[PDB]
Amino acid sequence: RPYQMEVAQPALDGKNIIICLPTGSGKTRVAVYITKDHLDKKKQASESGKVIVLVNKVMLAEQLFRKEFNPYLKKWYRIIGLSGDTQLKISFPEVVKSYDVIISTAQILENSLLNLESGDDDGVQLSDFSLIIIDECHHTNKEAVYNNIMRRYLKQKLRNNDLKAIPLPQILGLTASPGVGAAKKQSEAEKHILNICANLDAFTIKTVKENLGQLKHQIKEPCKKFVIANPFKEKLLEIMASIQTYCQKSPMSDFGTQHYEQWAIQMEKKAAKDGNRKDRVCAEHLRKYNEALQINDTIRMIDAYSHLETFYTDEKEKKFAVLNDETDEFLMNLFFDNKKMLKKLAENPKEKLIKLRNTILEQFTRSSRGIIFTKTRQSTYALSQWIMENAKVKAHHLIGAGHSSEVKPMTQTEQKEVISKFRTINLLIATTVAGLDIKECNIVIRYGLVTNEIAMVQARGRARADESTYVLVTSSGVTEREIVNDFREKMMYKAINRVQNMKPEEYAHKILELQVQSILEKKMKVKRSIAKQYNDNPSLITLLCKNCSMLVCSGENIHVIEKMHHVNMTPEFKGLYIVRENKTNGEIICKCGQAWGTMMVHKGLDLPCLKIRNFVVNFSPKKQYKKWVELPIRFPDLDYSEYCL
RNA sequence: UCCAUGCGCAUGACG
RNA sequence: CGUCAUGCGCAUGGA
Ligand SMILES: [Zn+2]
């Protein structure tokens, strides 16, 4: 392509660069062009032609292995589409020793490199290659993993320069808008761009200026648009005030925010440091009440009632299964005295939801397509069920994959499923997952959201088909945030055009400085990291429960499996804990009712594994970490010769 | 295909 | 530095 021609042109001979273009301009295709010409150059030179294409995500890897690299190189060259989940019969160093072209994923590579410079399995170095290709360069700032790679590259380049010579590979680099970082200033942005380049050790950026018109003919752009707009709550607030007085809790802030939550968690910390009740227990309950609040700010109040209903339901189930004090008695009765009545209040009408329904219905009377963003998963589920109740345009939710923070997440397969159904669902409900292959779209809304400029442009790329209906529902400073996204998009060109028109000498000087700076930063960080974990004590401690400061385990009685998990056999421990299971790894609970861990099935054994998240330490410098890795002191791996017979 | 777990990473808001 | 929310990758064991 013509616009692609010049931007590719320098890379054809040396010229480790960056490229940045907008959505839809087929950057994969030009990348293929550079590949084929490079490999043909190596056939002309009879040199080791190798390309080790990198990404951040598996799905783009599979996508390109289907659609882009094979259909243009299926004949000439060897290709393979790699991942961490796709079980490959062979290790990585062989697909280095074969398969001249590689689609891949990042941390596979770094793992092989570590195995190189740390023993185990046959390693690999960068010197085996002649070229590297990247997508989404903008992640190359804050030691994100595909930046260890270039720090190694920079280390070896400076070894070459102190020599000045073992060779090193050409380095392409692609991206959308390259992102700007922590800026209200042009100088900071410029410095950021230079940090990015020197983390890639590139030469220029080389964007498109000549043929912007033939390209503009392709990209129909969206229209930047804004479309913007008790008593049940107050009863709950009065309950909260009652509880504050009940245990002398000083908020130092208002109800319905994050600050209140933060102070509650700090009370939980202090009271575990004390081992005292009525203090952290209230922190937990008020954390729950504040959840209910700041969903009530945005969600139908029935959903908060259901949230806390299931909560206290589980609480009663815990305590009864335990039995099968005044504090929990007060709290439970305080809830259940108002439970049914608040259920009654929840049905009453009287919002963001109302303007929202209005906009939505008006578009679907205008138009077919539908996209929704927001912050959280529970919001997606709740609004999905709610619109399923409200008289309608079928719908479906979407969320990510992490098994974190409340929910049973979804599946990659099922994500693909729902996306194809949308290629048929009318309106999707998603968290920040949806920069992906969803085009020909109208009404990407932002219901109670914030995003950054790069997320903004990735959302732009998804709304197409000659119809943009950017909508925003948060007012009754968020309009500020689209305005600053525009401002940053202006600033980025303002800085790129300043650095393109820059001397090569001073350019090289600044980039060398930033390279040395980042390398020394990594070195000092590794120093402090090695200094970090040095204790490795067998048994120095006693693990106690956190509601009740009762002894639970000792320092030596613990053992390790899978070099991941911890366990306490020695059924003197078994005199303590209680089991539960409802809906196949059953859960443990306390002699009070605290939840502790899981009965993990391992090699026939029902080992009781516990999570440090729900226990407290006594070396009494009481401490708490939430993660074993925080704790330097080491425990042994298990020897089954104990359990025999 | 599903389950559970550990680890690292970035983003945004907040202090 | 911590908190929250969100998203991503890798490595495990099992069905
Ligand atoms: Zn207890």
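Numbering starts at 1 and runs along the chain as displayed.
The backbone N, Cα and C atoms fix where each Cβ goes, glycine too.
As recorded in Swiss-Prot, the features of this protein are as follows:
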- A:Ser468: phosphoserine (MOD_RES)
- A:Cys545, A:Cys548, A:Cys590, A:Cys592: Zn(2+) binding site (BINDING)
Give me the sequence-ordered set of same-chain residues, not including A:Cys545, A:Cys548, A:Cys590, A:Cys592, with a C-beta within 8 angstroms of the centroid of the Zn(2+) site's C-beta atoms. A:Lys546, A:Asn547, A:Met550, A:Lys591, A:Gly593, A:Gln594
Check the deposited model and tell me the whole-number distance in Å separating the CA atoms of A:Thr424 and A:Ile425, where 2 residues are unmodelled. 7
What whole-number Å value do you get for the CA-CA distance of A:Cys590 (Zn(2+) binding site) and the residue listed as 'phosphoserine'? 55
Distance between the Cα atoms of A:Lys350 and A:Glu351, in Å as an integer, please; the 3 residues between them are unmodelled. 8
Taking the Cβ of A:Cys548 (Zn(2+) binding site) as the centre, count every other Cβ atom within 10 Å, in any protein chain shown. 16
Unmodelled segment of 3 residues: Cα separation of flanking A:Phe619 and A:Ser620 in Å: 7
How many Å lie between the Cα of A:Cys548 (Zn(2+) binding site) and the Cα of A:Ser468 (phosphoserine)? 57
So of A:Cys545, A:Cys590, A:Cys592, which of the binding-site residues has the fewest other Cβ atoms within 10 Å around its own Cβ? A:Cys592
Neighbourhood of ligand 1 - recorded positions from A:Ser468, A:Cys545, A:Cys548, A:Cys592 with Cβ under 6 Å: A:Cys545, A:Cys548, A:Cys592
In whole Å, how far is A:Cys592 (Zn(2+) binding site) from A:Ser468 (phosphoserine) when you measure between their Cα atoms? 57
